[PDB]
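Asker: fold the following.
(2 chains, ligands or ions: 5)
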Amino acid sequence: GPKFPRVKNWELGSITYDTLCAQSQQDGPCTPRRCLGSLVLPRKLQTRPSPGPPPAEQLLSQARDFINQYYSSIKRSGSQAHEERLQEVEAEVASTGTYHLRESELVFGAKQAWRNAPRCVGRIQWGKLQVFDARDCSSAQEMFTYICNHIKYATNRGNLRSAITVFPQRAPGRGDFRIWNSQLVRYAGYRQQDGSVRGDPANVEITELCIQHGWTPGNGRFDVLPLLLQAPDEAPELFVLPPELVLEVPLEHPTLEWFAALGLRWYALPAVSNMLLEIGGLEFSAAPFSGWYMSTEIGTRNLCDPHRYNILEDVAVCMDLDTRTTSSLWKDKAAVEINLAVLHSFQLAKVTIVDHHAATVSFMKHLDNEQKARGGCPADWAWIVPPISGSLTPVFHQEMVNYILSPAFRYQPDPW
Amino acid sequence: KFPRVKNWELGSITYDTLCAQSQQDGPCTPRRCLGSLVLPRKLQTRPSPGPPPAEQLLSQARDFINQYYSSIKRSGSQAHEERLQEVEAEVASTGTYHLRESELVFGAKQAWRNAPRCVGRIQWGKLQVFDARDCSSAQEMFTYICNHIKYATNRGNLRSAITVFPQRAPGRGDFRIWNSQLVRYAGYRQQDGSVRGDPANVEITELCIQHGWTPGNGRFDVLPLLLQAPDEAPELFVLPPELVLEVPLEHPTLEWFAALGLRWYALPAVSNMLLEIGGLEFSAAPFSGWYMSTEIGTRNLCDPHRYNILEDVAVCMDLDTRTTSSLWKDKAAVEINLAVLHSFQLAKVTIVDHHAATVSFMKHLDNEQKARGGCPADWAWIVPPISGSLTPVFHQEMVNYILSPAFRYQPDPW
Ligand code: HEM
Ligand code: HEM
Ligand SMILES: C[C@@H](O)[C@@H](O)[C@H]1CNc2nc(N)[nH]c(=O)c2N1
Ligand SMILES: C[C@@H](O)[C@@H](O)[C@H]1CNc2nc(N)[nH]c(=O)c2N1
Ligand SMILES: [Zn+2]
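Answerer: Numbers count the residues shown, from 1 in each chain, chains lettered A, B, ... in the order given. Ligands and ions are numbered 1, 2, ... in the order given. Shown next is the protein structure:
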């Protein structure tokens, strides 16, 4: 048969071939020898700080490829406007060492990056993304205004809208624009004397960083952290988000009346802010993006991970389950009710949310659309299948091919 | 080159140096990862009508023998050298060789140990190895299989076992067990195109009737075995009801569950895989242990392409099947897995839940890190089909690679 990866769906018995991977110009962790596909941060993509300007020729080949992708998307490949834009990018790189993107090219690339993200199960929405251009931003203070506008627009009082704000690209001989926090909204994690943590253990370091920069800490489990925004060559400045902008949802359960008394809650807007947006060789170190939550992100990972809120045991005790033995499946029962509480509470509060069943079904539709449109879809199986009820969703039975396509969202080293 | 493996629940880190011993390649490449694929494109094991290359075989043989003598700490000794000369002498004159029972036992255990997809490898050292290499007929195969089943079942106190039939030989048909498992429920494709019984077994069920078996009309009809001796049509052998222990499914609190008439067998015995030791291939080597509850409760009973009983249970539980957000599927699934565990514990039949199993697997990884400097594992298979992140293995990065001895997939005989 064909010379491309054969991908099978074991539920429906259907077969497809991924021809899109052929266009992957970057390598990943795997080798014929061993499969390092489960590693969360394998050292390949890793956009480690490469100070001194990049090879003029390497940037070029990357820029040429992107422009071609752009002209193809508009069905004008090989046209006069295409060849001229190519001549322009080269001329620019030849005299300055870098180049700049036109407005429409940025919008296109931002959407492609999302479209290309192997770990995102919400890609059926890729074509619907509000792209805020913020490449004129010249201060940490201005960064704060743009971000507040982003949160306001994206939150949209509960009827969430996907969006991304793009700050100035990395420049030769100039510091990067950086948002120190991993997400625009994060709960503080306070390191106690007795070794434990109050709040979210995941945010311990950033919480301690805000303190070293002048933040006066609180002492709750759900304290919203301030932002540490960094303009070029300047130390990060602290900014506190107006409570009214940060929409939160108190969690309650549809039938277990005591669940509300737990005082649990979570914020409505999931906005990643520490990832790097790469387009045609240009690197956007600060380009926060946000969509809406898939219920399991909150109910299973954030609230039940042993290294996060770890509320499984407490909730099980309230449901009066036998937590002394594994065969009682007490962990499973509690997790289900907690995830149900998240869904119930968001719907009640009229805030956008999607359960793992709906999400995965929609992702299958996305795979089908992309099979026709591009001959494949890069996907990270371990990240696409939900943390609970895995084989109960359609994606579990779908084989997937993972590879890196550019434009893309990449991990980058912490500024500190 | 040495994978830096990390555990995200504890923050601990280790380096896998064992993968360097891997001489066999996987499907992955630096350009794209295909680890989520179940069966290879061709990594299989092409035909064996001719003798395998002497240099190739001799190399795998010497390596395996080196392995065995390290295991008994007699490496470099005289016996070790005389065994190497024996193997080299035999291969040079016949193009192949044979293993000693002790070596075979060692090889069978290492194969289990090296199985990337097995979560119960903590039990790898406890395996009853039955040497069935002195088998010359389908009928003999059957008797051997019946003894394996009797031994392994052990009145409900399951014991891990493997029976090894004659190795493959150049230019001669293979000994084969056509069934994928020793115990499988029939899949009768009823007119409508739908299926009564286990849909996964529609093909083998067809082949059995085609070879004379008189089918039934139930959802849990135990199939007969199609045993095949070299270059001979497979024969039909019905398994004695007494040998095939089964567990009636009922729920600890929901009284109507038993009414569903659900049931499942006690012994999970894979019989379609190939066992490779030092270059020798054993096309018929059925092995078995005991079930992990999710294999039955989640996959076999709830997979959409299997018994797919999720909705039925939900309707009986009186849940909101109208929408996905009511999490009716997750709810019914948990009760079904609870029923399986309850039932098996009630019938005094060995079983392990996914929580206990993964904790043990974590320990195994630990034991292996100190013993061999690593442990090949396939994350997608190790992590349970439900409550993934609720178990320790989900948060553990894993490295996947091929070590030999090894259990491999092989073409269907027909
Ligand atoms: C519209 C709603 C969306 C949903 C429901 C969704 C859902 C998901 C989920 C479940 C994850 C996994 C989170 C984790 O386990 O860490 C994820 C990862 C990701 N998503 Fe989406 N997504 C959506 C929108 C977005 C948007 C708007 C972008 C970008 C423009 C995006 C980019 C990504 C990327 C790059 C990752 C990988 C992050 C990482 O590697 O940690 N997603 N998404
Ligand atoms: C002691 C009890 C054992 C338990 C609890 C256990 C559990 C498991 C589980 C849950 C799987 C996944 C099966 C699937 O999803 O289809 C598996 C796969 C596997 N196990 Fe074990 N196992 C045990 C004993 C054995 C034994 C005795 C052997 C061999 C001597 C073995 C060899 C393997 C192999 C080769 C696979 C992969 C099979 C395939 O690719 O389909 N296991 N085991
Ligand atoms: C070990 C590593 O593959 C595991 O921790 C991954 C697996 N799935 C997964 N999936 C999502 N969506 N998010 C995650 O953080 C992870 N973690
Ligand atoms: C698509 C394919 O990788 C998926 O169906 C795999 C994943 N995990 C898994 N895990 C186990 N234990 N058994 C299986 O059959 C599978 N199937
Ligand atoms: Zn891989």
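
Asker: in chain A, which residue sits closest to ligand 2?
Answerer: Nearest to ligand 2, among the residues of chain A, is residue A:391, at 9.6 Å (C-beta to the nearest ligand atom). Heads up, the C-betas are built off the backbone N, CA and C, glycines and all.

Asker: pretty sure that residue sits in a helix.
Answerer: Yes - Residue A:391: assigned to a helix according to DSSP: H, G, I helix; E, B strand; the rest coil.

Asker: show me what contacts it?
Answerer: Residue A:391 makes contacts with A:397, B:298, B:299, B:302, B:303, B:385, B:386, as judged by C-beta atoms under 8 Å, 6 or more residues apart in numbering or on different chains.

Asker: switch the cut-off to 6 Å
Answerer: B:298, B:385 (C-beta atoms under 6 Å, 6 or more residues apart in numbering or on different chains).

Asker: residue A:311 too?
Answerer: Here residue A:311 is in contact with residue A:303 (criterion: C-beta under 6 Å, 6+ apart).

Asker: if we go to 10 Å?
Answerer: A:262, A:264, A:299, A:302, A:303, A:304, A:305, A:318, A:334, A:335, A:338 (C-beta atoms under 10 Å, 6 or more residues apart in numbering or on different chains).

Asker: again with residue A:379
Answerer: Neighbours of residue A:379 in contact, by C-beta under 10 Å, 6+ apart: A:7, A:18, A:117-121, A:123, A:363, A:366-367, A:370, A:395, A:398-403, B:33, B:36.

Asker: beta partners of the most centrally placed residue in chain A?
Answerer: Nearest to the mean C-alpha position of chain A, by C-alpha atoms, centre = their mean, lies residue A:272 at 5.1 Å. With DSSP bridges as the criterion, residue A:272 is bridged to residue A:183, residue A:289.

Asker: pretty sure residue A:187 contacts residue A:200?
Answerer: Yes - taking contacts as C-beta atoms under 10 Å, residue A:187 lies within contact range of residue A:200: 4.4 Å.

Asker: please report how far the nearest residue to residue A:179 once chain neighbours are set aside lies from chain B.
Answerer: Using C-beta to C-beta, 6 or more residues apart in numbering or on different chains and skipping residues adjacent in sequence, the residue nearest residue A:179 is residue A:273, 4.2 Å away. Between residue A:273 and chain B the computed distance is 20 Å (C-beta to the nearest C-beta, to the nearest Å).

Asker: ligand 3 versus residue A:273, what's the distance?
Answerer: Counting by C-beta to the nearest ligand atom, to the nearest Å, the gap from residue A:273 to ligand 3 is 17 Å.

Asker: wait, that residue sits on residue A:178?
Answerer: Yes - counting by C-beta under 10 Å, residue A:273 touches residue A:178, with 9.2 Å between them.

Asker: which neighbours do those two have in common?
Answerer: The contact lists of residue A:273 and residue A:178 share A:229, A:286, where a contact means C-beta under 10 Å, 6+ apart.

Asker: secondary structure element for whichever residue of the stretch 201-350 of chain A sits closest to ligand 4?
Answerer: Relative to ligand 4, the nearest point of the stretch 201-350 of chain A is residue A:332 (16.9 Å; C-beta to the nearest ligand atom). Per DSSP states H and E: residue A:332 is located in helix A:330-348.

Asker: partner strands of whichever helix or strand comes after that helix and their direction?
Answerer: Counting by DSSP H and E, the next helix or strand C-terminal to helix A:330-348 is strand A:353-354. When pairing is defined by DSSP bridges, strand A:353-354 lines up against strand A:293-294 (parallel).

Asker: gap between the strand it pairs with and the chain center?
Answerer: Distance of strand A:293-294 from the chain centroid (C-alpha atoms, centre = their mean, to the nearest Å) equals 11 Å.

Asker: what about it and ligand 1, touching?
Answerer: Yes - with C-beta under 6 Å from any ligand atom as the measure, strand A:293-294 is seen reaching ligand 1 through residue A:294.
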